[PDB]
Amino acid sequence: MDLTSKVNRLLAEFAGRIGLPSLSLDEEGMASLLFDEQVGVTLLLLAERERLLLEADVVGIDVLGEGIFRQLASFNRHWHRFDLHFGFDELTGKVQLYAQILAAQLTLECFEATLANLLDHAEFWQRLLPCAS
């Protein structure tokens, strides 16, 4: 059994738990979700490096005052304290948190825990970063 199907098996079980009919990876090995119609999360399977990537949209750059990218970089210096680091998508204008799961520890329990944590922080920086008040 290849890695792709191993993960597809995990996403099928995860779907059954939350109430979605089905859930699988793309031909590119991708799958996206939308939480509370606000936080978008994308799953990225890297079969080569055997690891699952998790992208999370935090906030839009239009609501952010400048000088924040510096405070985000200062965060990445201690990313190991949360296993999460910041990134940016120029095309979308969205600030993103990234989390990864090694194929060796990739289980349902670990996947849900890593996702819930990623969302916990994403929602936090989504409510904190904006300066528009």
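Counting begins at 1, following the sequence as shown.
Look at the mean CA B-factor for 77-85 and for 59-67 in the entry; the higher one is 59-67. Stretch comparison (96-104 versus 68-76) by mean CA B-factor in the PDB entry places 68-76 on top.
In the deposited entry, the Cα temperature factor of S133 sits in the top third of values across the chain's modelled residues. Ranked by C-alpha B-factor against the other modelled residues of its chain, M1 falls in the highest third. Placement of the Cα temperature factor of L91 within the chain: highest third of the modelled residues, per the deposited record. Per the deposited record, the Cα B-factor of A47 falls in the highest third when ranked against the other modelled residues of its chain.
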